[PDB]
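Asker: Dumping the structure here so I can ask a few things about it.
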Amino acid sequence: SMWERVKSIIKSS
Amino acid sequence: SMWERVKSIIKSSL
Amino acid sequence: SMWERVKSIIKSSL
Amino acid sequence: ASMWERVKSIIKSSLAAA
Amino acid sequence: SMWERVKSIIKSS
Amino acid sequence: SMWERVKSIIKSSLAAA
Amino acid sequence: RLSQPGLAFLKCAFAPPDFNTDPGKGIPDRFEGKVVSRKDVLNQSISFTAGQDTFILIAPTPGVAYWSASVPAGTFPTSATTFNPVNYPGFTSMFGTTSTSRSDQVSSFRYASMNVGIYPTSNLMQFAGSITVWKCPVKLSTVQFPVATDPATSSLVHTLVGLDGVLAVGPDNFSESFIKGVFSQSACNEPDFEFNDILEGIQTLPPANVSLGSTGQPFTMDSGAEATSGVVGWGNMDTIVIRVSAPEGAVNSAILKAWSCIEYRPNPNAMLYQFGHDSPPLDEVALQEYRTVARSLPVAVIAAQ
Amino acid sequence: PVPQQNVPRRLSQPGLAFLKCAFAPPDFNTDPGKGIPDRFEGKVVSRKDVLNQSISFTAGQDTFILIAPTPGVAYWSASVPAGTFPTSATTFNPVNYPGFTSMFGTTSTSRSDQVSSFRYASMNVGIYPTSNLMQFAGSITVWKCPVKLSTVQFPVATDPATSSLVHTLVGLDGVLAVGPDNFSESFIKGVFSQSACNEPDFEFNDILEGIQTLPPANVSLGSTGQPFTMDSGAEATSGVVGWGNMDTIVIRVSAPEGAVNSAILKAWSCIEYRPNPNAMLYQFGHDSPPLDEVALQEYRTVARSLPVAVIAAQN
Amino acid sequence: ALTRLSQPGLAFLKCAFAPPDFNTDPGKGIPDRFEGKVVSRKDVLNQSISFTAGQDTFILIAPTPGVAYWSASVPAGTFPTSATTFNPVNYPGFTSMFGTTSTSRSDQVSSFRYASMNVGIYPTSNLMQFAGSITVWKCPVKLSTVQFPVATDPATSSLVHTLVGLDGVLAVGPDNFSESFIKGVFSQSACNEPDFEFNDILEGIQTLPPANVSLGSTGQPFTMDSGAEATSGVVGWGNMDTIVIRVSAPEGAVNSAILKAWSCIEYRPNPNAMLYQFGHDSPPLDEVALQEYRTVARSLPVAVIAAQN
Amino acid sequence: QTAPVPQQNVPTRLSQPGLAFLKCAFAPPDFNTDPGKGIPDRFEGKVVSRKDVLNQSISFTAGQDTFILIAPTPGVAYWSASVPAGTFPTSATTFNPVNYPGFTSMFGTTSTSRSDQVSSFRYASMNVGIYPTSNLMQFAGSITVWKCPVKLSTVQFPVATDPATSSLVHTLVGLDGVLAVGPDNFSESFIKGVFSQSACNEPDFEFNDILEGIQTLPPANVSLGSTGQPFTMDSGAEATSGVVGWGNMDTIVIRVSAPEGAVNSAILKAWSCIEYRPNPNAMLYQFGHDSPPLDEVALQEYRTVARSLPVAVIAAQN
Amino acid sequence: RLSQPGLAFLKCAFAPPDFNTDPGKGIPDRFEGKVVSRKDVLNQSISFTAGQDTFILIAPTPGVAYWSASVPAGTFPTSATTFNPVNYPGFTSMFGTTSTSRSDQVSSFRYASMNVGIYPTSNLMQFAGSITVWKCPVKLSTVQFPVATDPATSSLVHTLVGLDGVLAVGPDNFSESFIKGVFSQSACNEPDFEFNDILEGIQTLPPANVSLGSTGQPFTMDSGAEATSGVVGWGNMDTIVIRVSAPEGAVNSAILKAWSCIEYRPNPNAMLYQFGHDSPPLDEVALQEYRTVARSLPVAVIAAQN
Amino acid sequence: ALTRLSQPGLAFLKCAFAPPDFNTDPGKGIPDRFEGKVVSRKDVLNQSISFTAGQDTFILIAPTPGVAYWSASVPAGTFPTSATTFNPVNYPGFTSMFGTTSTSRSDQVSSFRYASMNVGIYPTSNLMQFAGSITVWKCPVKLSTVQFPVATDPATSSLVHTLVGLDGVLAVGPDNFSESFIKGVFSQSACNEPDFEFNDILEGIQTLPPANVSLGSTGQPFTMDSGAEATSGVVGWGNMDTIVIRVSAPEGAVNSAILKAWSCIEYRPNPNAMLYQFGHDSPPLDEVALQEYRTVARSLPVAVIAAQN
C-alpha cells in the first residue's frame, strides 16, 4: 500500500 | 416587565 | 491513518 | 518625516493589502 | 532610507 | 555552411512548441 | 441570529422570575469542555429590628447567599462590626464538613449571574423606613508583613481589597420607601470568562493570629464553624450593598430571594460527574447582546417590575 | 417619590502546522509545528521534546503513569499492589526529558536563568509492546483529570503565632477512581492519546522557583489535604518549574502474576517559551504567527470530536 | 481608509504610539469587550537628569503604577551585580492616589490595566563636550513567587514575591538600538498578552526582596528598593515589557538631557473616593483597531532618534 | 565645510521518464521490473544506469544491539557491527561491509584500479527493508530507524618528521549522530518489520568523482584520535572490497535490540538507482544511452513527496 | 506575489537594523530538508589607535565576526602581518573547545547574508580620519610541493587563493570622512546555494611546520588558542575590506555591528536539534528580486541612511 | 523565431558552436543566474604541424586553461603505453596571466569556468603524396585524488592529485569520426554538468604524477609533463570533455596541416590586477537559450569535414 499513498499526495496537490 | 425592557433594548440595538 | 481521520473531520465541517 | 506619517502609511498599506 | 530604496527598486522592476 | 545547420535545427525545435 | 444557547444564557442572566423554569444551560464561549451547571435559589422570610440599620452584602462566594450585619441607626460598619453568612441549601453535600476538604468534588468554577429581590409583607399601618442599594468592586489580593519571630521572617496572607465602598453611598444608587421593594442584578467585570481555583483552609478574613490592623480591612468577615460554612473562592463579579433602616416603634417584614447561574469542573471520582455535559459552542451575537444589555441597565428597580 | 439621577441612557501554512503538531505528531518525517496562530505576535522560542524509554512492568502490580504539564519532565510513575489505587503512603517520581539541566540549571533557585514564561501547545503519549504472543497478560486504561495548582492557608503556633500560606494541588482525587470516560483494551494492542487546552485562550504562565516537593518540607500531608505526595528527588537532577493550562493524562497498566510485559514509551510536546536576552537560546528565536480564526475553530472542533484514545496500530 | 476606524480606536492608537505629536492627549479607553466604569489617568513626567562621567547609567521603565522609572550607576564597561540597588522616581501625585502608609494603598482604587508606556530623551549639552552612546533593548520581566523553608520552632515554609526575567539586563540583546548620545532616542512598549486583563492592587510591599529575606534565596540578581512608606512604593505589575536603557560616558564627558514619560492607564474607582465623579464607561469593541495595533506594533523599529519622535 | 569626496563607477503534465524516476525513487518493490531510466535534469550526456539488489539472510545475536548503516558507497550494501545490549558503539567498534554482486567486474581487484571502467557517478534512490522470519513464539525486541547527515571532508594535523611537515587525509563528519536516538524516529516491535527510504540532501544533482586507494577510515599509520571520528570503518582486503566514493544521500541508521533467550531471524533487502559515466575503452560503453531532458513538475513532485512521507512504515506497507 | 518566506529572506538579506525583530525564516529554494537557522549579532565599542592604519576583513567564516590587523600609516599589510579574530557570542557552545571537535553539533552550513556597520560616537572637536571599503573574491584552495624526507615524498595542504586583492584598493569603492560612518553588505557569488562541509584541525594559515613562501600567500591568518577560536570552513560570499586611517593627535571612537543569516545541518544527538524546522519551499520571484537588488546596490552608504 | 532570445543568448550560442563562421566578436558571456563581475577571455591558436611517416600521433584537447593541446607520437598500429609522455602547446600569453613561478598562478585571477572549446585541422599537402586517415572521439576525464601509505619515520599517509578516466585513450570509442586525411576535421565539446560552476585555481602542479611519486602508485596509464616551470604549467581542470584525435601516416607519406583552436572563458579578476579595468557584469538569466544549448549539443554530430567548418 505504497504506490497509492504517493498517488494521494499528488492528487491532493 | 424586565423581559420587555431587555427585548426593547435588543430591538433598539438590532 | 490518524491524519486521514483528521482530514475527514475538517472537510465534513466545511 | 514625523512618526505619525509613518504610522498612517503603515495603516494605509495594511488596509490596502486587505 | 534603505527599505525605501529596496521598495523603489521593486516598483521600478 | 554550419551556422545554417544550427539555425535550421533551432527553427525546427521552435516550430514544435 | 441567536442560537438557543445564547437565548438561554441571556434568560438565566437577566430574567429568572419571569419563566416557569430556569432555561440556562451554559456560557457560549470558546471553551467546550466538561462542565456541571447548578442553579441556586434561597427563599427566606426576615423581620428587621426596629431602631437599627441592617447591611446586606451579596458577594461572589460559591455556596453562600449573603452576608449581613446590624448597626445603630444612622451609622456605618466600623472596626467592631462582623458579617455573618447565610448559606444556600446543601452546602455540606458539596463542600464537605472540613476546612481541608473543599476541593473533594470540584476543582474550578466561574459565575454567570447573581440576582436578589426584597418583597415586603407589611400592611399600611406599621411600615416605616427606606431601602438603598449600590455596587462596589471588591476583589481578593494578598498582603505582606514581617513577624518578629526567632529568626525573623515575612508572611503572606489573603486580604479583601475594595471594602471601603461599603462605608459610604456612591452617586449611583437607588433609594425609595420600604414598601416598594427592590430588585437588582450584577454582571461580569472581565473581558472574558475564565476559571478560578478552589481555595482551602479559609474560615475567617483576616485569619487567626493575624490582627485587623496589619491587613488594612475596615471590618471582619466570619463564617463560624468549619462544619457549617466557609469561603472557597471569589469570582469575577460585582458586590451589591443593601441598607435597610427602620425607626423605633415600627414593624417591617419582607421576603428575601437570591438566584445564581454557575458552572463547575467535576472530578472523575465525584458523584456529580454523571450529571455533566459539554459546554455550548461560540456565539458572538449573544456575547455582544449580553455586553450591551449589561451596560444599558439601571442600578435597581421597584419590586413591581 | 424621591428624584433619581445619573441614570444610564482557508487555513494558512502556520495554522496547518499548528494542527499537525497538535493532533498527528508521528505521521511526518519532520515535526512541522511553528507556533500558536493567536493574537500575540512577540518574540518566542519553540522546542519539541521527544523521549524514547524502554520499561518493564512488574508482575502482580499496578503501575500508574501521569502526563502532567510540567516543563522539562516527561512523566511521573508509581507502583501499587494489584487491584489497588494510590494511598497516602505513595510518592510519584519523575523521568526527565533530554537536556533538562541545559535549560533549568542545577540549583532550585536557578530555574529562570534562561526563560521567564511558557505556554503549552500539545501533549502526546504512546505505548508499543515488545513481547511475544505468549508471555503477555493484562490491560491498559487511560483517562484524564483537570489538576491545577492552588494555595492553602492554615495557622501555626509559633512565639508569637502567625498564619501560613503554601502551594497545593487541587483535583488530584480523580486518580483514586476510574473515570466514566475511559479507553480500555488488551495490553498487546498499545495506546495513543493526546491532550488539549482547558481554557478559552492561551495565556503565558510564570516560572516558579524553589519548588522541589509537594507538600514541601516541614509541612505535613494532612494540612494540605492532598491524597498523595509528589517528590522530585535531588536538586541537581530534577525539579518542578510550572504548571500549564493542560489536562493530566492518567495511564494504569495491570499485570497479573506470571506475566512478562515489556514496551516502549514515547512522549511529544509542542511548547513555546520566552527567552532572556542574555541567554544562548535568543539566536534561535522568531516571531509568533499572526491571528487565524479558522485554525482555532478547527482546533476546537477536532479536539471535541476525537475519542479518548486509540490503539497503537493507528498512531 | 481611516473612516473604517471609530474615534475611540483612533484615540487609543494615538495614545499607544504617538503621544508627543499632539497638544492634548487623545484617548478615552481601550476598545475591548469590557464596558464598565473606569477612570483614565494620563501621567506625564518632566525630569532633568545629568549623567556622571566615567560610569554606566541604567534606566528601567517598568510597568509599576505611580512610578516613572528606576535607575542605578555602575563603573564603565561593567554590568549590575549583587551590590546594586535601584531607586524610584515618582509621577506627580503618588500620595494623592495611594495614601501615606504601606497598608492603605487600596483606599481609592482596586485594579488597573496598562494601555501605553512611552519614554523619550532629549540631549541639552553642546556639541564640543559630549561623548558616549545610547543602547536600548527590552526584557520580559514578570512578578512571581519563591518558596524556601525556615528553621523555626516548630519549623515551617515561607512564600514571598520575586521577579523573574531580570537576567536580561546583564547583557545587550541582539535586537537593540545604538547610536551617538547627541541624537537622542524615543521608544515605545506594547502589551505582551493576547488580551487586556485587570490586575489586583498589592499591599505591604516596599522592597524586593522583602525585609528579613536575604538575597540569593530569592534568586534575584540585584535589589529593588523604594525607601520610606510615606513617599513611594510598588502597588502592582502590569502586562507590559520593560525597556532597558544604558548610557555610557567616558571620563571628561559632560552629558545632560531632559527625560519625558507618558502613560495611558485605566482604573477601577471606589464609591467613597472623590475620583468617582469623573468615571465613565469603557468604549465598545473595535476589531480593526486591535488588528492595526498588533500590525503597527510588529512593524515598528526598536527605537528612533529624538528628531523623529 | 569640507567638500564631499566624489564617487565613481556607481551601478502541464508529467512525462514518462519523470514517472519512471519517481517510481525508482519511492516505490521499488511494487512493480514487476525496475521502471527507472534516468534523472530528468538539465544534463543530457552519455550515462550507464545500473540497479543493484541484494537478498541477504541474517541472524541477530541475543543480548546484543546490532547496528546497520546504509551509506551512499557504490558497490557496498551495508555496514554492520554489534555491541552489548543497552549500549552504543564506542571507540573500539569497527564496521565491516557486505558487497553487492559483481563488485570485481566493475571496480577491479586492486586499490588503484577503481576507475578502469567508470569515471564518475551520482545517486537517485536508496531503500532498505527487513522481513522477519521467526515465528510468534521465540522473538523479542524492537527495531528503531533514524537518519544522519554524514558527509566526507578533510582533516589536517602536524607530523614530527625530519624535517617536519603537515598531513591532509580524509575523514567523515557527522558520524556522532549514531551515538544516540534521534528525535525523529520510527520504533515498533521486531515482528512487524520496517521499510524506509532516503532522499537527496542537495538543491540539485551533481556528479561525484571516483576516489582511489581508500581501504580504511582512518587510513593506515593514522590514529583514531587524530581525526576525531567516533569509531572505525574497515573494508578488508583490496581483492574483495573497498571504498570508492561518497554520494549526496542521507545515511540510514537501524538498531536491532534483542534480550537474552531470543531467536531473531529475518531477510534484509536493499535497492539502488544509480547513474555512471563510462570509459570508451571499456565493455560497459555498449549499454549506454542519453539522460532524459528537463522536467520541472517531476522535480517539484519529488520534493513534495519526499517531504510528505513519514520516516518509516511497517513491512506490510513496503 | 511574494510569499511570507520570500519577504523574510529579503529582509534578512537587505535590511537588518530597520525592524524590531529578525524576520528571517530560511532560503526559499529547491532544498526542503531539516535545518537550524541562527542569527548572530555583535555589539562592540572599538576605539582606533591614532597614527596607524587598521584593516578589517568581514570573511565568511562561521562563528567569527571579523579579523583585524594594525599597520603603520600609509602602508598595506606585508608578509609579517597576522590577522586575529573576534568571536561571536557563544562560540564554544556550538564548536566545542578542541580543534578535533568542531563537528559535534553541526556538520554543514550555507550563508544567507552578512553585513557590517560603524557608528561614530566622538564629538565635533576631536575627530579626524577617513574610511574606505571594497570587496575581494577570496576562496580556499590547495597547493602541492615536494619534501626532501627519507624517502622523498610529496605533500598537499590548504591555501587561501585571492588574498592579493587586499594590497590595493580597487576602482569600485566607497570613501568619505570618518564622522559620517559606513554601512555595507554582501551577496552570494555562486549560481545557487550549496552546503559546505566542516573542516577540522585548522588553527593557522599556513599550518605549522610550513613556511609562508611555499604556500604563496601574502600574509598570515591566526586564531590563537584552540579553546577560544578556530576555523571551521569558508562560505561562498565576497570578503569586505575596510580601512580606517587616523592622524596622530586625534581621538576616534565608534560602535561596530555585524549580522549573519546562517543555515545549519544539525546532528541528531545534539541539543540544537529541538530548535530546528523545515526549509521553506521554492520561490522564483524572490530569487529574481534578490539577484536584481544585489546587483543594483552601491558598495556602501553613509550611516545616516541604514 | 530568433527574436524570442536576447542578444546575450544568441552571442553565447555563437561563441559556443561556430567561431570560424564570423569575423569578430563571438559572444559576451553565459546568461545564467550569476550577475557578478567577470572578465571574458578569448583564446585563438594558429599552428603548423607535420606528421612523421610510420608513426601514430595523438592529440588531446583538454580543459586546461592556458594550454592548447598535448601531443605524443607512437609507432604505427600501437597505442600509448606506460613509457609515453605528453607535452603541451601554450596559448599566446600564458606567462602574462599566470606568472613565471609555480606559486604565482593566482596573483591575477581567482576562479574560472568554460563556455566553449573547439578545434579544426586543415590539410595543406599535395594530392599525390599523402596517405593515412583521421580518427576523433571524446573521453570523460576528471581530476581526483589518490591516497597511499609511505614508509617513513614515523610512518605517515599521503594524498596527491591524480587523473581518472585517462584509460579511454587506449582504444577507439564506438562513437567516432573516421575519414581520409586530406578532408580535414572539425569538432567541438560541451559542458558535462547540470549547471555552470566556478572552479578554484591550483598551485604547485607541474607534472602528473607529481615529483617523487612513481607511476603505478597513482593508477595512471601514462604521464603528462609540462616541462620547465618558467614557460608552462597546470592551473586547473574545467567541466568539459576531452577530445582525442589520432592521425596515422604509412611509410613514405608526406603529410602536413594547420591546427586551429578557440576558447570562450570567464574569469574572476582581482582588484590589484590590470585586467580588472575591462571587467563587466555577467548577463542575466535566459531560459530559452539555456534549453537550446542542451538541445543543439544533443543534436549535433561528433565531427564534420573541414569544408563544413
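Ordered as shown in the C-alpha cells, chains take letters A, B, and onward, while each chain numbers its residues from 1 and ligands are numbered from 1 in the order shown.
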Just need chain B moved onto chain C: least-squares over all Cα atoms matched in order, then output as a tab-separated table (two decimals) with C-alpha atoms, in the first residue's frame.
Answerer:
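The file below, result_12.tsv, is the result:
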```tsv
chain	number	residue	atom	x	y	z
B	1	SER	CA	-4.49	6.90	9.57
B	2	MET	CA	-5.03	9.61	12.18
B	3	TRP	CA	-4.21	12.38	9.70
B	4	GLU	CA	-6.85	10.95	7.35
B	5	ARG	CA	-9.33	11.07	10.24
B	6	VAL	CA	-8.50	14.72	10.95
B	7	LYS	CA	-8.75	15.65	7.26
B	8	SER	CA	-12.10	13.87	6.90
B	9	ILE	CA	-13.43	15.58	10.04
B	10	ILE	CA	-12.34	18.99	8.73
B	11	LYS	CA	-13.80	18.32	5.28
B	12	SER	CA	-17.12	17.23	6.80
B	13	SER	CA	-17.02	20.38	8.96
B	14	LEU	CA	-15.92	22.58	6.04
```
Asker: Give me, as a PyMOL selection string, the contact residues of chain H against chain I at a cut-off of 7 Å, counting only C-alpha atoms.
Answerer: chain H and resi 39-40+109-110+112-113+116+158+165-166+206+208-211+217-219+276-278
Asker: Using only C-alpha atoms and a cut-off of 12 Å, which residues of chain K sit close to chain I? Please list them as a short mmCIF file (atom, residue, chain, number, x, y, z; two decimals) with N, CA, C and O atoms, in the first residue's frame.
Answerer:
```cif
data_model
loop_
_atom_site.label_atom_id
_atom_site.label_comp_id
_atom_site.auth_asym_id
_atom_site.auth_seq_id
_atom_site.Cartn_x
_atom_site.Cartn_y
_atom_site.Cartn_z
N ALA K 15 17.92 44.48 4.90
CA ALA K 15 17.53 45.47 5.90
C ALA K 15 17.47 44.83 7.29
O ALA K 15 16.39 44.58 7.83
N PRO K 16 18.63 44.56 7.89
CA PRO K 16 18.65 44.02 9.26
C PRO K 16 18.14 45.02 10.29
O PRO K 16 17.18 44.72 11.01
N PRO K 17 18.75 46.23 10.40
CA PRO K 17 18.51 47.03 11.61
C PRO K 17 17.29 47.93 11.51
O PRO K 17 17.14 48.86 12.31
N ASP K 18 16.41 47.68 10.55
CA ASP K 18 15.23 48.51 10.32
C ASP K 18 13.95 47.88 10.86
O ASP K 18 12.86 48.34 10.53
N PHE K 19 14.07 46.83 11.68
CA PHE K 19 12.90 46.13 12.19
C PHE K 19 13.10 45.79 13.66
O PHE K 19 14.23 45.72 14.16
N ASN K 20 11.97 45.59 14.35
CA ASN K 20 12.02 45.28 15.78
C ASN K 20 12.70 43.95 16.04
O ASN K 20 13.48 43.83 16.99
N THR K 21 12.41 42.94 15.23
CA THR K 21 12.92 41.60 15.46
C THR K 21 13.28 40.97 14.12
O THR K 21 12.71 41.34 13.09
N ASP K 22 14.22 40.04 14.15
CA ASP K 22 14.65 39.36 12.94
C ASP K 22 13.49 38.56 12.33
O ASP K 22 12.90 37.72 13.03
N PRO K 23 13.13 38.80 11.07
CA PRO K 23 12.03 38.06 10.45
C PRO K 23 12.46 36.84 9.65
O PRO K 23 11.58 36.13 9.15
N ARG K 38 20.20 30.31 12.59
CA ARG K 38 20.81 31.07 13.68
C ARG K 38 21.24 32.43 13.16
O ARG K 38 21.89 32.52 12.12
N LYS K 39 20.87 33.48 13.89
CA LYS K 39 21.26 34.85 13.57
C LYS K 39 22.18 35.38 14.66
O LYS K 39 21.83 35.35 15.84
N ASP K 40 23.35 35.86 14.25
CA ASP K 40 24.36 36.36 15.18
C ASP K 40 24.46 37.88 15.07
O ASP K 40 24.45 38.44 13.97
N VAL K 41 24.57 38.54 16.23
CA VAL K 41 24.72 39.99 16.31
C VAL K 41 25.82 40.30 17.31
O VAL K 41 25.85 39.72 18.41
N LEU K 42 26.73 41.20 16.94
CA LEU K 42 27.82 41.63 17.80
C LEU K 42 27.73 43.13 18.00
O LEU K 42 27.58 43.88 17.03
N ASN K 43 27.82 43.57 19.26
CA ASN K 43 27.79 44.99 19.61
C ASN K 43 29.04 45.28 20.44
O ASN K 43 29.07 44.98 21.64
N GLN K 44 30.05 45.86 19.81
CA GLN K 44 31.34 46.11 20.44
C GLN K 44 31.73 47.56 20.27
O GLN K 44 31.58 48.13 19.18
N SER K 45 32.24 48.16 21.34
CA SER K 45 32.77 49.52 21.30
C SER K 45 34.27 49.46 21.04
O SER K 45 35.02 48.89 21.84
N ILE K 46 34.70 50.05 19.93
CA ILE K 46 36.09 49.99 19.50
C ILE K 46 36.62 51.41 19.33
O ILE K 46 35.95 52.26 18.73
N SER K 47 37.81 51.66 19.86
CA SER K 47 38.50 52.94 19.71
C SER K 47 39.78 52.69 18.94
O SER K 47 40.63 51.89 19.36
N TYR K 88 32.04 35.66 17.81
CA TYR K 88 30.66 35.92 18.16
C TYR K 88 30.38 35.39 19.56
O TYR K 88 31.11 34.54 20.08
N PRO K 89 29.32 35.87 20.22
CA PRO K 89 28.92 35.28 21.50
C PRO K 89 28.55 33.81 21.33
O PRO K 89 27.93 33.41 20.34
N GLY K 117 28.49 47.54 10.03
CA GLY K 117 28.15 48.94 10.21
C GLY K 117 29.01 49.57 11.26
O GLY K 117 29.43 48.92 12.22
N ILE K 118 29.28 50.87 11.09
CA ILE K 118 30.11 51.64 12.01
C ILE K 118 29.38 52.93 12.35
O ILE K 118 28.99 53.68 11.45
N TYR K 119 29.20 53.18 13.64
CA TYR K 119 28.53 54.40 14.11
C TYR K 119 29.47 55.20 14.99
O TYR K 119 29.74 54.79 16.14
N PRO K 120 30.00 56.32 14.52
CA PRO K 120 30.94 57.10 15.34
C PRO K 120 30.24 57.73 16.54
O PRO K 120 29.06 58.09 16.49
N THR K 121 31.00 57.86 17.63
CA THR K 121 30.50 58.45 18.86
C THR K 121 31.29 59.66 19.33
O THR K 121 30.88 60.29 20.31
N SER K 122 32.40 59.99 18.68
CA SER K 122 33.20 61.14 19.10
C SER K 122 32.49 62.44 18.74
O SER K 122 31.65 62.50 17.84
N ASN K 123 32.84 63.50 19.47
CA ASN K 123 32.20 64.79 19.30
C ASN K 123 32.81 65.54 18.12
O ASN K 123 33.58 64.98 17.33
N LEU K 124 32.46 66.82 17.98
CA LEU K 124 32.89 67.63 16.84
C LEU K 124 34.15 68.43 17.13
O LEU K 124 34.35 69.50 16.54
N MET K 125 35.02 67.94 18.02
CA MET K 125 36.24 68.65 18.38
C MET K 125 37.47 67.75 18.44
O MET K 125 38.56 68.25 18.71
N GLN K 126 37.32 66.45 18.19
CA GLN K 126 38.46 65.54 18.32
C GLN K 126 38.53 64.49 17.21
O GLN K 126 39.37 63.59 17.30
N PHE K 127 37.69 64.57 16.19
CA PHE K 127 37.64 63.54 15.16
C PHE K 127 38.50 63.92 13.96
O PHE K 127 38.59 65.10 13.61
N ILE K 179 33.45 60.94 10.31
CA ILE K 179 32.29 61.32 11.11
C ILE K 179 30.97 60.87 10.51
O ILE K 179 29.94 60.94 11.20
N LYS K 180 30.96 60.41 9.27
CA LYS K 180 29.71 60.04 8.61
C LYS K 180 29.35 58.57 8.74
O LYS K 180 28.19 58.21 8.51
N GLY K 181 30.31 57.71 9.08
CA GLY K 181 30.03 56.30 9.23
C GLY K 181 30.00 55.57 7.90
O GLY K 181 30.35 56.11 6.84
N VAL K 251 41.29 61.63 18.25
CA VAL K 251 40.60 60.64 19.07
C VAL K 251 39.38 60.16 18.31
O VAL K 251 38.47 60.96 18.03
N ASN K 252 39.35 58.88 17.97
CA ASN K 252 38.27 58.29 17.19
C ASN K 252 37.62 57.16 17.98
O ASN K 252 38.32 56.25 18.44
N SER K 253 36.30 57.23 18.13
CA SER K 253 35.54 56.19 18.80
C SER K 253 34.28 55.90 17.99
O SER K 253 33.71 56.80 17.36
N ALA K 254 33.85 54.64 18.01
CA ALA K 254 32.69 54.22 17.24
C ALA K 254 32.15 52.92 17.83
O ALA K 254 32.70 52.37 18.79
N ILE K 255 31.06 52.44 17.24
CA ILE K 255 30.42 51.19 17.64
C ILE K 255 30.34 50.29 16.41
O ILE K 255 29.88 50.72 15.35
N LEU K 256 30.79 49.05 16.56
CA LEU K 256 30.83 48.09 15.46
C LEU K 256 29.69 47.09 15.61
O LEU K 256 29.44 46.58 16.71
N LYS K 257 29.00 46.81 14.51
CA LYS K 257 27.88 45.88 14.48
C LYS K 257 28.00 44.96 13.27
O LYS K 257 28.51 45.35 12.22
N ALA K 258 27.53 43.72 13.43
CA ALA K 258 27.56 42.74 12.36
C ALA K 258 26.35 41.82 12.48
O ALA K 258 25.82 41.62 13.58
N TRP K 259 25.92 41.28 11.35
CA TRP K 259 24.78 40.38 11.29
C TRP K 259 25.10 39.23 10.34
O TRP K 259 25.96 39.34 9.47
N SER K 260 24.39 38.12 10.53
CA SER K 260 24.59 36.95 9.68
C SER K 260 23.36 36.06 9.73
O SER K 260 23.04 35.51 10.79
N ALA K 303 26.24 56.21 7.33
CA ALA K 303 25.49 55.65 8.45
C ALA K 303 24.14 56.33 8.66
O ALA K 303 23.28 55.77 9.35
N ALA K 304 23.94 57.53 8.10
CA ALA K 304 22.66 58.21 8.26
C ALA K 304 21.53 57.45 7.59
O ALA K 304 20.40 57.44 8.10
N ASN K 306 20.53 53.92 6.83
CA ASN K 306 20.76 52.50 7.07
C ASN K 306 19.48 51.81 7.53
O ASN K 306 19.38 50.58 7.52
#
```
Asker: Please provide as a list in words all residues within 8 Å of segment 8-11 of chain E, with the sequence filter that same-chain residues fewer than 3 positions apart are discarded (counting only C-alpha atoms).
Answerer: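 Everything that qualifies: residues 4 and 5 of chain E; 289 and 293 of chain K.
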Asker: Keeping only C-alpha atoms, write the selected residues to a file as a tab-separated table (two decimals), in the first residue's frame.
Answerer:
```tsv
chain	number	residue	atom	x	y	z
E	4	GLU	CA	12.66	52.73	0.72
E	5	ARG	CA	15.49	52.06	-1.74
K	289	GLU	CA	14.35	40.06	-6.85
K	293	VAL	CA	18.64	44.07	-5.79
```
Asker: Determine which residues of segment 11-225 of chain K DSSP labels as strand (DSSP E or B) from the backbone of this structure, then write them out as number ranges by chain.
Answerer: K: 34-48, 52-58, 64-72, 82-87, 106-120, 130-136, 139-147, 153-161, 174-177, 182-184, 188, 196-197, 200, 204-205, 220-222
Asker: Write out as a PyMOL selection string the residues lying within 9 Å of residue 210 of chain L, counting only C-alpha atoms and excluding same-chain residues fewer than 6 positions away.
Answerer: (chain K and resi 144-146+154) or (chain L and resi 160-162)
